[PDB]
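Quick heads-up: it's one chain on its own, the form deposited in one PDB entry, in structure tokens.
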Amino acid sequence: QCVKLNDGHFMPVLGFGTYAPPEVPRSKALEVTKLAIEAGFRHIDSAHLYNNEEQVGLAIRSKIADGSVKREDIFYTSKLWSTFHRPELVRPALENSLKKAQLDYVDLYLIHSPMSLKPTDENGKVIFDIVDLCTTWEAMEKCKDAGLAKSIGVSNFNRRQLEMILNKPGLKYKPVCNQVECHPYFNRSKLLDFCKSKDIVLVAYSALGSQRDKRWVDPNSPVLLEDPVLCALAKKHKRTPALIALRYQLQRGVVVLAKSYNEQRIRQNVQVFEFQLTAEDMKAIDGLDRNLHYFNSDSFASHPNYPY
């Protein structure tokens, strides 16, 4: 149920996505993260940006206190926000996340995105900052050495951006993973091949087609789970299009996140371990790739470090 990371730690291959939009009451993250642990999720994905680390933390603490799980059974990820890339800001950001969650360590700390921000303009484009991410990475390594994070990694990096870290003089720890948008309409095959060649785990987010946030996502973009190929695979397997999309990533060797704030769907998504897709099913899903990143807004697309 886990994969061994390149620093010797283990990451469960199914993770629970904890982001919900601002209109969902903060209290809901506490309820649903408890439900996710009850259903059998052990990898829990959060971030400073999600404004939910207090609630997600309390859910973890509550399920430890009631005997359901031990802390060593949970794999909890947080992430460094883009206004904290200057290296002197990295360990204080991580300490803040640890304080909000009331944890002694995170299992994984990620650079959330390569697009550094000043610690929006009149045009509505984010105000970029120019930071050498190798210096941010050195600060992340110091966080692992201090024991604040068991493992460190990155998110939203392209090949070139990952290479800059991998080729850094005096590198101490490689990133254990690159968490990126990844689903049948944007399957990141070339990037997955590169990550495998460097023993970096690719972690898929928006694997179910994202929450379609108006800020970032064109409403005209076709809806992943209404795709007829996925719908026909779901009917053939007597599963659901979400379970087809999750199973596809596991069979490729990608670790997959799934967000749900619905009790039935949370319980459904752990069924991904209960069935397999055939070679022909996998080829049919591979045929859907159309270079569609749902995140697609003017506000980021002209950032100097935009990864697409």
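Residue indices: 1-based, along the sequence shown. The term rigid core refers to the most C-alpha atoms you can superpose between the two forms while keeping them within 1.5 Å.
Here the subject shifts to the form deposited in another entry, a form of this protein not shown in this document.
- A 2 Å or larger CA shift between the shown form and the other one, after fitting on the rigid core, occurs at just one of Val106, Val126, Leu192, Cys177, namely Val126.
- Relative to the superposed rigid core, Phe300 undergoes a CA displacement of at least 2 Å between the shown form and the other one.
- Expansion of the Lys125-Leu191 CA spacing by 3 Å or more is recorded in that other deposited form, set against this form.
- Relative to the shown form, the Cα atoms of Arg160 and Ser297 move together by 3 Å or more in that other deposited form.
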